[PDB]
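Asks: below you'll find the sequence and an experimental structure to go with it.
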Amino acid sequence: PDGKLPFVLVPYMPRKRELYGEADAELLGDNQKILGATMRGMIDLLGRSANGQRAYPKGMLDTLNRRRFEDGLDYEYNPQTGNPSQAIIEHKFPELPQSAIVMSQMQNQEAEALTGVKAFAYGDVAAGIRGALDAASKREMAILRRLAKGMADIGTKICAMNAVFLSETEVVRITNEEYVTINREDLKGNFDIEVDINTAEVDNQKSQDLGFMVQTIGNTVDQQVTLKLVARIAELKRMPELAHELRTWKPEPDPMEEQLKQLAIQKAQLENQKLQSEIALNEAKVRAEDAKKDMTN
Amino acid sequence: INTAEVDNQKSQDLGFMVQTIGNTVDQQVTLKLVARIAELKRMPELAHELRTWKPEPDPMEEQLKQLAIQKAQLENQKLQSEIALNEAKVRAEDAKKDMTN
Amino acid sequence: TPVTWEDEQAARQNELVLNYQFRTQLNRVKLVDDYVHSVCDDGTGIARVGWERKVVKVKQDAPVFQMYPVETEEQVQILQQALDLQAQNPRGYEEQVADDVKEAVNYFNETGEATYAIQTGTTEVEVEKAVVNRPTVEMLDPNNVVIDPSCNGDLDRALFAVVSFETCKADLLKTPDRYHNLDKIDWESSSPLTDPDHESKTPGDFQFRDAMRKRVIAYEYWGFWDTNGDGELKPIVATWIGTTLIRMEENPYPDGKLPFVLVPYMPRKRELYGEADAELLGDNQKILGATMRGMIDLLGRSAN
Amino acid sequence: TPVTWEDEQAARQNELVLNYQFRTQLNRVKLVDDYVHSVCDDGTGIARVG
Amino acid sequence: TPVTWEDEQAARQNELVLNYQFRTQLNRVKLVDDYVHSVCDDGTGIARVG
């Protein structure tokens, strides 16, 4: 109906007066190059070295006095050759130049300034928990949501299968309530059923929402709606008996308090009739006084 | 698109509207707003139980009011009859005064 | 949660049933521990959602009742009480109300005539009870699922998916009149499975000595194939062990889709499979290990 | 949201239908994961609505 | 906890019996001390219920 091309294009970083957009790695060019060329230099410095390569001076330790050395036993060395702590070198890792680290830091800071991205609660959850998510918490949620979508798909696949494989008796035994038939033709749409995983935070927030609803509509609507909401709250609290005791609850009428009201209505009617009789009597007295006045005249 | 923060703020705005217009407008508007709040809370059954809700009238409380109106009318007629009786007594006393004269 | 207002009872029932199947039948603490692990270690979490069924044709003795229309008011009272108990407490009705009044209630619900019953005798009926009727969610190995590579992403639009599993003759005989050609396959050879494509944890030299526990490697072709020849692709299933086909039907599941659910760990742009965590962590472990080994070399190749 | 006051029923219906098509039919967690990714990796996110 | 509303008495009875068998008969402080230990030391905690 819209009469337009069925494509929707959105840029990441817009190009001025241009349909296509410019991605992130455009400004990050040559920063990766410098940082990689410095990390490779540091790794080259570490790996192209000699680690644990003892270098004995030629003449210090004679025969069998080096075999004692290479076996752990105490040895005897010729003093005239040197000192067996500055000679007999134990080559170690070279010391990383401060230039490599400072250049890596400079490139990281420049890239982070170019692109303002510095390095460093599922469901209908409340505001505090949903706003407490800092960096990498939104990244863990990004995987938790895929995992949750998988479980939701499993749940709806099972729920669809339950409608055609479990007989009536099995369901009326599991739930102990009336069996509700679901039409088989519309089972490929999941029209009137939504499925999602449930966590403790979701349960707490749902209980709070039901409490809020009870508070809001508590005096306007009748007792049935509020009682059903409180029964749902009790079901969330894992009290299935209170739910039954609170749903099927008919407030018994009080014989006395009932009557009294009927007698009050009767009293009101009797009072109205009494006033009518009083008006009639007053009119009769007026007529009698008129007759007496005529007689006096 | 709709996010969790949008839902929370919309629920708060509906609550604020209910608070503001809660006693001026009739019950239907407030009930519909609370039903929308309940829909945002993913309770589609409460929405139906709260939208199509007609407050049942109370037979007794109804009558009593009719009897009170009848009582008011009867009282007005009683006062009229009392005025008529007073005028009749005034005429009778005038006749007696004439006879005494 | 219900979508519309009329969907509330159906949603409550479905939730109450599917939260019981996922608690009593499936081990949630193990299923979720092999779900997150198999997603964060491999990259994808292909899981099969099936249905386990064990129909047994048992023969039972069912009382047969002769019906007479209700005359006394006491019978009507009993019928009304049974009807109320059948709607308030179905389980209480099942294990409190006798068989004759049970049949009376069933007749009233069927036709609508209040009628009490008297037992004449007993008949002998079959009754195809399904002993096991539970769903099965099993974490599958990415070496066993061969998903159509043409699905430019979107598993929904994949035309086939071949899955391997270690079944036994007992599993196939659990649900009869579904598997044909079960006699061409060798069942008493005590030969360990030698499939070069299915990777499992069963030791290569393990095989049950008896007949109906022998482990065989059965494939399963879940896909779409036009059956009537009119060009409309209709879902089909197929199972073959070795070289003999043993099953070919339409997709029994109501959704009419492949019974696999795949979730990526870190998604690949416009790609069905996902990229795991150790892809970016490459060469970092190499450098860190090569430095720790250097430090240990420096300490150990010295004289202390 | 409705634009004018008479648009309320139509907006409610359209929202209720299009929030069901985007939940039952399309995989939202995969669509959004290939939307942001294909926008932040390539620069553009051309998507066909058929 | 009961599943449905009619399951309450059965759940109460079962809890009251199985919280007595696990207190009077089995040594809870030793069973749990050989459960967590045998799980964290070996890897698995195979236990027979007879």
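Replies: Cool, got the structure. Residues are numbered from 1 along each chain as shown, chains lettered A, B, ... in the order given.
Asks: distance of whichever residue of the stretch 1-150 of chain C sits closest to chain B relative to residue B:35?
Replies: When scored by C-beta to the nearest C-beta, the stretch 1-150 of chain C has residue C:5 as its residue closest to chain B, at 3.4 Å. Using the backbone N, CA and C atoms, a C-beta is placed for each residue, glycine as well. Between residue C:5 and residue B:35 the computed distance is 10 Å (C-beta to C-beta, to the nearest Å).
Asks: what is in contact with the two at once?
Replies: Common neighbours of residue C:5 and residue B:35 (criterion: C-beta atoms under 8 Å, 6 or more residues apart in numbering or on different chains): residue B:47.
Asks: so for the two, which sits in the more crowded spot?
Replies: A count of neighbours by other C-beta atoms under 10 Å in any protein chain shown puts residue B:35 above the other of residue C:5 and residue B:35, at 23 against 18.
Asks: for the stretch 101-250 of chain A, what spans make up the helices?
Replies: A:127-131, A:137-165, A:168-175, A:200-216, A:223-236, A:240-247 (DSSP state H, counting those that start in this stretch).
Asks: chain D contacts on the stretch 151-297 of chain A?
Replies: The stretch 151-297 of chain A has residues A:189-191, A:194 near chain D, with proximity defined as C-beta under 8 Å from any C-beta of the partner chain.
Asks: what's near enough to touch the nearest residue to residue A:244 once chain neighbours are set aside?
Replies: Spatial nearest neighbour of residue A:244, chain neighbours left out: residue E:5 (3.4 Å); criterion: C-beta to C-beta, 6 or more residues apart in numbering or on different chains. Listed by C-beta under 8 Å, 6+ apart, the contact set of residue E:5 reads A:176, A:240-241, A:243-244.
Asks: repeat for residue A:23
Replies: Residues in contact with residue A:23 (C-beta under 8 Å, 6+ apart) are A:12-13, D:40-43.
Asks: how about a cut-off of 6 Å?
Replies: Residues near residue A:23 by C-beta atoms under 6 Å, 6 or more residues apart in numbering or on different chains: A:12, D:43.
Asks: residue C:54: what secondary structure?
Replies: Secondary structure for residue C:54, judged by DSSP: H, G, I helix; E, B strand; the rest coil, is strand.
Asks: where do the helices sit along the stretch 1-150 of chain C?
Replies: Secondary structure of the stretch 1-150 of chain C (DSSP H, counting those that start in this stretch): helices at C:8-20, C:28-42, C:73-88, C:90-94, C:99-110.
Asks: how about the stretch 51-200 of chain A: which residue is closest to chain D?
Replies: Going by C-beta to the nearest C-beta, chain D is nearest to residue A:149 of the stretch 51-200 of chain A, at 4.1 Å.
Asks: do I have it right that that residue meets residue D:29?
Replies: Yes: Residue A:149 lies in contact with residue D:29 (C-beta atoms under 6 Å); the separation is 4.1 Å.
Asks: for residue C:246, pull up the helix or strand it's in.
Replies: Following DSSP states H and E, one finds residue C:246 within strand C:244-250.
Asks: paired strands for the helix or strand following that strand, with orientation please.
Replies: Note on strand C:244-250: by DSSP H and E, the next helix or strand toward the C-terminus is strand C:260-261. Using DSSP bridges, the strands paired with strand C:260-261 are strand C:47-57 (antiparallel).
Asks: and the strand it pairs with, how far from the chain's centre?
Replies: What separates the centre of strand C:47-57 from the centre of its chain is 5 Å, taken as C-alpha atoms, centre = their mean, to the nearest Å.
Asks: that one vs helix A:137-165, what angle?
Replies: 20 degrees (axes from the mean of the first three to the mean of the last three C-alpha atoms, to 10 degrees).
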